[PDB]
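Q: Which chain is which? The protein sequence lines are A, B, D and C, in order. Using PDB author numbering, the letters of the first sequence correspond one by one to residues 305 to 459, 469 to 547. Using PDB author numbering, the letters of the second sequence correspond one by one to residues 305 to 460, 472 to 547. Here PDB author numbering is used: the first residue of the third sequence is 686, the next is one more, and so on. Here PDB author numbering is used: the first residue of the fourth sequence is 687, the next is one more, and so on.
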Amino acid sequence: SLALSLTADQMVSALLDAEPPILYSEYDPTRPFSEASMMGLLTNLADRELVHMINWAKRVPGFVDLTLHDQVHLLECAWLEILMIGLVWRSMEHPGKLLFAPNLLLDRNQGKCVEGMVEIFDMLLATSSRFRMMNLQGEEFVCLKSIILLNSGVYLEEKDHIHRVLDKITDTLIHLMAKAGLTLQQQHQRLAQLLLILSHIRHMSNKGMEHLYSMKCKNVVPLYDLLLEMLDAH
Amino acid sequence: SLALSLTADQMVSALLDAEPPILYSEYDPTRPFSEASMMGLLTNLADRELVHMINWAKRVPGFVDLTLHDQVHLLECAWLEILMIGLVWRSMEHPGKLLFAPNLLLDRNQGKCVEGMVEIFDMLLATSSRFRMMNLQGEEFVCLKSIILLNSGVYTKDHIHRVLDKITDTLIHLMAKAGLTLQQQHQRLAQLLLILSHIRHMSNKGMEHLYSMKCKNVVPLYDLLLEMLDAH
Amino acid sequence: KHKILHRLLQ
Amino acid sequence: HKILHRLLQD
Ligand SMILES: CC[C@@H]1Cc2cc(O)ccc2C2=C1c1ccc(O)cc1C[C@H]2CC
Ligand SMILES: CC[C@@H]1Cc2cc(O)ccc2C2=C1c1ccc(O)cc1C[C@H]2CC
Ligand SMILES: [Cl-]
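1. Using a 10 Å radius around the Cβ and a threshold of 16 neighbouring Cβ atoms, would you call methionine 528(A) buried or exposed?
2. In angstroms with no decimal places, state the Cα-to-Cα distance between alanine 318(A) and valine 364(A).
3. Within this structure, are the beta carbons of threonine 483(A) and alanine 493(B) separated by less than 9 Å?
4. Is the stretch 345-363 of chain A close to the stretch 312-330 of chain A, with three or more CB pairs under 8 Å?
5. Touch check for the stretch 416-423 of chain A and the stretch 333-343 of chain A: three-plus C-beta pairs under 8 Å?
6. Pull up the DSSP beta-bridge partners for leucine 410(B), would you.
7. Please give the ranges of any beta strand (DSSP E) in the stretch 513-547 of chain A, keeping only runs that are unbroken, at least 3 residues long and fully inside the region.
8. Quick one: is residue 736(D) buried, meaning 16 or more other Cβ sit within 10 Å of its Cβ, or exposed?
9. Anything in the stretch 406-433 of chain A with a Cβ closer than 8 Å to a Cβ of chain C? List those residues in chain order, please.
10. If contact means a Cβ-Cβ distance below 7 Å, which residues of the stretch 491-518 of chain A contact chain B?
11. Once you ignore the five residues that flank residue 465(B) on each side, which residues in its own chain have a CB closer than 7 Å to its CB?
12. Name the chain C residues that come within less than 8 Å of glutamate 380(A), Cβ to Cβ?
13. I want to check one thing, is the minimum distance from the CB of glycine 390(B) to the heavy atoms of ligand 2 below 8 Å?
14. Under the three-state reduction of DSSP, which class applies to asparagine 455(A): helix, strand or coil?
15. DSSP state of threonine 483(A), grouped into three classes?
16. Does the beta carbon of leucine 372(A) come closer than 9 Å to any beta carbon on chain C?
17. Cβ of residue 461(A) versus every heavy atom of ligand 1: is any distance shorter than 8 Å?
18. State the Cα-Cα distance for the pair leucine 525(A) and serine 512(A), rounded to the nearest angstrom.
19. Compute every distance between the C-beta of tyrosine 328(A) and the non-hydrogen atoms of ligand 3, then say whether any falls below 8 Å.
20. Are any of the Cβ atoms in chain A nearer than 9 Å to that of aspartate 321(B)?
21. Check whether the Cβ of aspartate 313(A) lies closer than 9 Å to any Cβ atom in chain B.
22. In the DSSP assignment, find the unbroken alpha helix (DSSP H) run with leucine 428(A) in it and report its ends.
23. Might you give, ordered along the chain, the residues of its own chain that have their beta carbon closer than 8 Å to the beta carbon of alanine 405(B), omitting 5 neighbours on each side?
24. Examine chain A for any beta-carbon lying closer than 9 Å to the beta-carbon of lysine 449(B), and answer yes or no.
25. For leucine 489(B), which residues in the same chain have their Cβ closer than 8 Å to its Cβ, ignoring the five residues on either side in sequence?
26. If we count the other Cβ atoms within 10 Å of its Cβ and call it buried at 16 or more, is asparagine 455(A) buried or exposed?
27. Taking 9 Å as the threshold (beta carbon to beta carbon), is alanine 546(A) in contact with chain C?
28. Between the alpha carbons of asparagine 519(A) and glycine 415(A), how many angstroms are there, rounded?
29. Suppose you measure from the CA of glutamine 695(D) to the CA of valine 355(B); what does that come to, to the nearest Å?
30. Check whether the Cβ of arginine 692(C) sits closer than 8 Å to any heavy atom of ligand 4, and report yes or no.
31. Under 9 Å between the Cβ atoms of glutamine 314(B) and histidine 501(A)?
32. Starting from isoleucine 358(B), find everything on chain D with Cβ-Cβ shorter than 9 Å and list it in chain order.
In structure tokens:
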């Protein structure tokens with residue numbers, strides 16, 4: 305595995321170069337949104353984002369070393385977590401709003417257009433404000449995104474390799490903090506702060522998944538094959 | 305807050321001393337259990353454990369410094385995660401089984417007696433195996449349990476965040492004292508905290524399952540347990 | 686509101 | 687796990 309041989313700076317480089325592009329939402333949507341029209345716009349975006357996510361995963365060091373069955377499993381378990389953290393990252397510089405796409409910046413009020421959605425929007429906004437306060441950097445963000453992919457479904470030959478890569482990502486994060494001039498104590502504290510956020514992201518994903526299976530039965534969500542399969546995986 | 309001035313050693317001692325007692329399940333020789341009898345035993349135990357959890361929380365450095373409203377919010381969000389990590393901890397000595405109580409050691413097969421429960425038993429057994437292989441120490445366990453209490457509902472705060480950094484310092488202190496290199500220390504720290512996201516996942520799955528058990532009226536739920544459930 | 690939790694916490 | 691399977695193979 306060339307992954308286990310990468311240095312910290314090479315790890316950061318590989319992850320930064322693997323970043324997916326930012327996609328646009330269907331243009332000139334009719335406002336205000338109806339429950340069905342908003343979900344239509346968001347599900348359309350998510351479906352296209354999933355295609356890019358699958359290809360981003362293949363570029364995450366070590367992921368290629370896993371079996372197709374495992375790769376499928378990790379993505380099925382982590383896709384929504386990955387969509388959410390990307391959203392929280394794009395929204396950092398926009399207090400109070402969620403930047404779903406450059407041409408689609410929504411406020412919590414618009415989240416009331418869909419039953420049960422405002423609760424999820426609020427958690428997402430709190431996470432974004434948390435990253436803002438922490439002044440989360442781009443190199444740290446890509447590290448966290450890769451940890452989500454490898455850790456979310458990890459729970469022996471395959472497991473050991475995954476744990477080794479996770480350990481390398483940890484080393485990378487500490488490396489970045491050391492360069493930022495943080496003391497040893499501050500490095501450990503920030504590392505803990507960042508990893509504990511992943512607990513909240515897992516929570517939002519579990520809640521989002523339940524709410525998604527809720528909109529589904531109400532025939533409010535469009536029939537986007539990939540998105541539906543990913544949802545059925547749960 | 306008095307908790308912020310404590311040393312790592314005092315923090316560990318405080319946490320160890322606040323540990324709740326191990327409770328026993330109601331006694332009954334009859335095996336195997338039925339869906340209702342098993343759920344009856346488990347909910348009765350959970351309800352009694354919750355009372356001790358509340359008193360344990362009050363002894364967690366920094367918790368009493370919060371307002372009643374905040375204390376309530378934290379317990380409501382974290383109660384199942386706390387019950388689960390406790391179960392995973394005492395089940396470490398018994399690979400392959402879940403020690404709900406000294407007189408109630410269950411196996412995966414017994415998890416099938418209740419529909420939808422085997423999936424949860426399996427996640428819990430894997431977590432226990434993970435802790436067993438990492439050779440989790442009692443001192444690290446008490447820190448993790450406290451982190452769950454203070455972190456789970458924190459985003460739904473400067474004081475709580477300051478207490479969390481304190482526990483982090485304590486965890487590293489314990490690893491350094493155990494002889495781990497600087498590298499092994501931050502790698503072990505990350506490993507431990509990542510398992511917390513899995514505990515969060517199990518809690519959400521367990522909460523969903525309990526809600527459905529409730530609506531199916533498989534068994535009446537005790538008042539405290541119902542309060543904690545409805546909070547979700 | 687009246688909660689058993691409130692009572693036990695105080 | 688159909689589409690995801692194929693996309694991961696291509
Ligand atoms: C509410 C946003 C959350 C995360 C997210 C990020 C993104 O970049 C694009 C779409 C989404 C979805 C979410 C979600 C949140 C709750 C749900 O019930 C379903 C979903 C699925 C999609 C929207 C179709
Ligand atoms: C399956 C064990 C899990 C955690 C646990 C630890 C413990 O020390 C005592 C009771 C429990 C419960 C659990 C659970 C798991 C799934 C559920 O739907 C409900 C519950 C609530 C109680 C059992 C009544
Ligand atoms: Cl596109």
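Even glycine gets a Cβ: it sits at the ideal position worked out from N, Cα and C.
A: Inspection of the coordinates gives the following:
1. The sequence position of residue 528(A) within the first sequence is 215, counting from 1. Buried is the call here.
2. Taking the first residue of the first sequence as 1, we reach residue 318(A) at position 14. Taking the first residue of the first sequence as 1, we reach residue 364(A) at position 60. Here the alpha carbon of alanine 318(A) sits roughly 8 Å from the alpha carbon of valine 364(A).
3. By one-based count along the first sequence, residue 483(A) stands at place 170. By one-based count along the second sequence, residue 493(B) stands at place 178. For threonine 483(A) and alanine 493(B), no; Cβs fall outside 9 Å.
4. Yes: the two stretches touch, three or more of their Cβ pairs being nearer than 8 Å.
5. Flag = yes, the stretch 416-423 of chain A and the stretch 333-343 of chain A touch.
6. Numbered from 1 along the second sequence, position 106 holds the residue referred to as residue 410(B). As a beta-bridge residue in DSSP terms, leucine 410(B) pairs with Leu402(B).
7. Taking only runs of at least 3 residues, no beta strand (DSSP E) segment lies wholly in the stretch 513-547 of chain A.
8. One cannot answer for residue 736(D) here, as it falls past the ends of chain D, which runs 686 to 695.
9. Under the 8 Å Cβ criterion, the stretch 406-433 of chain A contributes no residue.
10. Going along the stretch 491-518 of chain A in chain order, one finds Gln498, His501, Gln502, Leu504, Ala505, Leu508, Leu509, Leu511, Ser512, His513, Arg515 and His516 with a Cβ nearer than 7 Å to chain B.
11. Residue 465(B) cannot be placed in this structure, since chain B goes from 460 to 472 without the numbers between.
12. Within the first sequence, the letter at position 76 stands for residue 380(A). By Cβ distance, chain C contributes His687 and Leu690.
13. As a working note, residue 390(B) is residue 86 in the second sequence. Under cutoff, so the answer is yes.
14. By 1-based counting over the first sequence, the position of residue 455(A) is 151. In this structure, DSSP gives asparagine 455(A) a helical state, which the three-state scheme calls helix.
15. By 1-based counting over the first sequence, the position of residue 483(A) is 170. DSSP places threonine 483(A) in helix when its eight states are reduced to three.
16. Position 68 of the first sequence, counting from 1, holds the residue named residue 372(A). Interface residue, yes.
17. Coordinates for residue 461(A) are absent, as chain A skips straight from 459 to 469.
18. Locating residue 525(A) in the first sequence gives position 212, where the first residue counts as 1. Locating residue 512(A) in the first sequence gives position 199, where the first residue counts as 1. One alpha carbon belongs to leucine 525(A), the other to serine 512(A), and they sit about 20 Å apart.
19. The count along the first sequence starts at 1 and reaches residue 328(A) at position 24. At least one heavy atom of ligand 3 sits closer than 8 Å to the Cβ of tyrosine 328(A).
20. What you label residue 321(B) is simply residue 17 of the second sequence in a count that begins at 1. No, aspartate 321(B) does not count as interfacial toward chain A.
21. By one-based count along the first sequence, residue 313(A) stands at place 9. Not a single C-beta of chain B is nearer than 9 Å to the C-beta of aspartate 313(A).
22. If you number the first sequence from 1, residue 428(A) lands on position 124. 421-438 is the span of the alpha helix (DSSP H), which, as asked, contains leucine 428(A).
23. Residue numbering aside, residue 405(B) sits at position 101 when the second sequence is read from its first letter. Its chain contains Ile326, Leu327, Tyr328, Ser329 and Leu349 as the residues whose beta carbon lies nearer than 8 Å to that of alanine 405(B), once the 5 sequence neighbours on both sides are disregarded; these appear in chain order.
24. What you label residue 449(B) is simply residue 145 of the second sequence in a count that begins at 1. No, because no Cβ of chain A sits closer than 9 Å to the Cβ of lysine 449(B).
25. Sequence index remark: in the second sequence, residue 489(B) carries index 174 (1-based). So the list reads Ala312, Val316, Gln441, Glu443, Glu444 and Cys447, once near-sequence residues are dropped.
26. For the purposes of this step, residue 455(A) is taken as the residue at position 151 of the first sequence. Answer is buried; the Cβ neighbour count reaches 16.
27. Sequence index remark: in the first sequence, residue 546(A) carries index 233 (1-based). Cβ-Cβ to chain C under 9 Å: yes for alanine 546(A).
28. Numbered from 1 along the first sequence, position 206 holds the residue referred to as residue 519(A). Numbered from 1 along the first sequence, position 111 holds the residue referred to as residue 415(A). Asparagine 519(A) and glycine 415(A) have their C-alpha atoms some 18 Å from each other.
29. For the purposes of this step, residue 695(D) is taken as the residue at position 10 of the third sequence. For the purposes of this step, residue 355(B) is taken as the residue at position 51 of the second sequence. Whole-angstrom Cα-Cα distance: 12 Å.
30. In terms of ligand content, the structure shown lacks ligand 4 and carries ligand 1, ligand 2 and ligand 3 instead.
31. Taking the second sequence and counting its residues from 1, one reaches residue 314(B) at position 10. Taking the first sequence and counting its residues from 1, one reaches residue 501(A) at position 188. Contact: no.
32. Counting from one through the second sequence, the residue named residue 358(B) turns up at place 54. Within 9 Å Cβ-Cβ: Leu690, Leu693 and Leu694.
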